[PDB]
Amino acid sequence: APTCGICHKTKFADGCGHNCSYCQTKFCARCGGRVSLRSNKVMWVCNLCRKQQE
């Protein structure tokens, strides 16, 4: 049972979840988001790192 490293509740199916591009914590859809740069680059950032940089 891999589980979101933020909420510790959501369980990931194999290969699901995203790693935070900053802290590398694997997170579920409730716990971080995506920043898309032009049409060819995307990064992922968890809500804890978001909070820190606010």
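Residue numbers here begin at 1 and follow the sequence given.
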Compared with the other modelled residues in the chain, in which third is the CA B-factor of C31? middle
Compare the C-alpha B factor of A1 with those of the other modelled residues in its chain, then answer lowest, middle or highest third. highest
Using the temperature factors of the C-alpha atoms in this entry, rank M43 within its chain: lowest, middle or highest third. middle
How does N19 rank on Cα B-factor within its chain, lowest, middle or highest third? highest
